[PDB]
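A short worksheet on the structure shown next.
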Amino acid sequence: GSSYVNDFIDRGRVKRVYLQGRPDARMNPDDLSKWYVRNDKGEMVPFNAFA
Amino acid sequence: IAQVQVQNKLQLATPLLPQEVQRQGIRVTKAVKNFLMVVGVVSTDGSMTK
């Protein structure tokens, strides 16, 4: 899901900033295993390891 | 009812305003052009400052 981060001026008018994943990286249930979450020690942890 | 309509349309105005303008809160007051009376105090002995 998207998330309103903050605003930005555009052509002298206030517009906002969203951020998601790519449109081809959330389409399948198998595409939800690309997203890696950071361990406290430093390295990456896969998402089908626990979820 | 003019103040009612002004801060009715201001509610629709406020989402496009920045987050900080929303967290601060903006105020709506009936405007009067003239000043009726200026009430002011002075210091006779020169002791206490401005």
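Note on naming: chains are A, B, ... as they come in the structure tokens, residues start from 1 per chain, ligands start from 1 in the order shown.
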
At most 9 Å is the cut-off: for each residue in chain B with any atom that close to an atom of chain A, write down the nearest atom pair and the distance in Å rounded to one decimal, counting only C-alpha atoms, chain first then increasing number, as a Markdown table.
```
| residue | atom | partner | partner_atom | distance |
| --- | --- | --- | --- | --- |
| B:16 | CA | A:14 | CA | 7.2 |
| B:17 | CA | A:14 | CA | 7.5 |
| B:18 | CA | A:7 | CA | 6.7 |
| B:19 | CA | A:6 | CA | 7.7 |
```

**Study point:** Close residues, residue 41 in chain B itself excluded, 12 Å, only C-alpha atoms, min 6 positions apart in chain, as a ChimeraX atom specification
**Key:** /B:48-50

Please produce an output containing C-alpha atoms for each residue in the selection, written as a JSON list (two decimals), in the first residue's frame.
```
[["chain", "number", "residue", "atom", "x", "y", "z"],
["B", 48, "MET", "CA", 9.81, 49.14, 34.60],
["B", 49, "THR", "CA", 10.70, 48.77, 30.94],
["B", 50, "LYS", "CA", 8.73, 48.25, 27.73]]
```

Review point. Quick one: distance from CA of residue 10 in chain A to CA of residue 13 in chain B in Å, one decimal?
Key: 17.8 Å

Practice item. Find the spatial neighbours of residue 48 in chain A, counting only C-alpha atoms, within a cut-off of 10 Å - ignore same-chain residues fewer than 3 positions away - and output them as a VMD selection string. Key: chain A and resid 30 32 to 36 45 51

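Of the residues in chain A, those given strand (DSSP E) by DSSP on the backbone are residues 7, 8, 9, 14, 15, 16, 37, 38, 44 and 45 of chain A.
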
Check your understanding: chain B: which residues are helix (DSSP H, G or I) by DSSP, as a PyMOL selection string?
Key -> chain B and resi 2-13+19-24

Using N, CA and C atoms, can you write the selected residues to a file as an mmCIF file, in the first residue's frame?
```cif
data_model
loop_
_atom_site.group_PDB
_atom_site.id
_atom_site.type_symbol
_atom_site.label_atom_id
_atom_site.label_comp_id
_atom_site.auth_asym_id
_atom_site.auth_seq_id
_atom_site.Cartn_x
_atom_site.Cartn_y
_atom_site.Cartn_z
ATOM 1 N N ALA B 2 -22.320 33.972 7.764
ATOM 2 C CA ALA B 2 -21.195 34.191 6.862
ATOM 3 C C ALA B 2 -19.931 33.529 7.390
ATOM 4 N N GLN B 3 -19.674 33.649 8.697
ATOM 5 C CA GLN B 3 -18.560 32.932 9.317
ATOM 6 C C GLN B 3 -18.753 31.421 9.228
ATOM 7 N N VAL B 4 -20.006 30.964 9.359
ATOM 8 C CA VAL B 4 -20.337 29.546 9.195
ATOM 9 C C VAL B 4 -19.976 29.061 7.793
ATOM 10 N N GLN B 5 -20.349 29.825 6.759
ATOM 11 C CA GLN B 5 -20.053 29.405 5.387
ATOM 12 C C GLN B 5 -18.559 29.482 5.074
ATOM 13 N N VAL B 6 -17.867 30.480 5.633
ATOM 14 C CA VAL B 6 -16.431 30.626 5.399
ATOM 15 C C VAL B 6 -15.664 29.451 5.989
ATOM 16 N N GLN B 7 -15.939 29.088 7.241
ATOM 17 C CA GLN B 7 -15.246 27.917 7.770
ATOM 18 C C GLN B 7 -15.960 26.602 7.465
ATOM 19 N N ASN B 8 -17.010 26.622 6.640
ATOM 20 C CA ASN B 8 -17.413 25.399 5.955
ATOM 21 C C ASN B 8 -16.528 25.135 4.748
ATOM 22 N N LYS B 9 -16.296 26.160 3.924
ATOM 23 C CA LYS B 9 -15.456 25.957 2.745
ATOM 24 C C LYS B 9 -13.981 25.825 3.115
ATOM 25 N N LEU B 10 -13.582 26.395 4.253
ATOM 26 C CA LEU B 10 -12.211 26.242 4.728
ATOM 27 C C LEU B 10 -11.894 24.800 5.112
ATOM 28 N N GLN B 11 -12.901 24.040 5.556
ATOM 29 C CA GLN B 11 -12.693 22.628 5.865
ATOM 30 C C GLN B 11 -12.339 21.837 4.614
ATOM 31 N N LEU B 12 -12.958 22.168 3.481
ATOM 32 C CA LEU B 12 -12.567 21.552 2.220
ATOM 33 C C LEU B 12 -11.214 22.065 1.755
ATOM 34 N N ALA B 13 -10.852 23.289 2.148
ATOM 35 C CA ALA B 13 -9.557 23.840 1.749
ATOM 36 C C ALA B 13 -8.401 23.147 2.463
ATOM 37 N N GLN B 19 0.656 19.549 5.958
ATOM 38 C CA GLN B 19 0.588 18.907 7.268
ATOM 39 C C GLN B 19 0.759 19.887 8.422
ATOM 40 N N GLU B 20 1.745 20.784 8.319
ATOM 41 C CA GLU B 20 2.030 21.711 9.407
ATOM 42 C C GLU B 20 0.937 22.764 9.567
ATOM 43 N N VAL B 21 0.331 23.214 8.465
ATOM 44 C CA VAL B 21 -0.796 24.144 8.519
ATOM 45 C C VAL B 21 -2.020 23.453 9.126
ATOM 46 N N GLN B 22 -2.048 22.123 9.063
ATOM 47 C CA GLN B 22 -3.122 21.335 9.651
ATOM 48 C C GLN B 22 -2.865 21.053 11.124
ATOM 49 N N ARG B 23 -1.604 20.814 11.490
ATOM 50 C CA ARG B 23 -1.263 20.594 12.890
ATOM 51 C C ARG B 23 -1.281 21.891 13.682
ATOM 52 N N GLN B 24 -1.128 23.033 13.015
ATOM 53 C CA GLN B 24 -1.112 24.298 13.739
ATOM 54 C C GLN B 24 -2.522 24.787 14.055
#
```

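Note that the spacing between CA of residue 41 in chain A and CA of residue 1 in chain A amounts to 27.3 Å.
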
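From CA of residue 3 in chain A back to CA of residue 17 in chain A, the distance works out to 8.1 Å.
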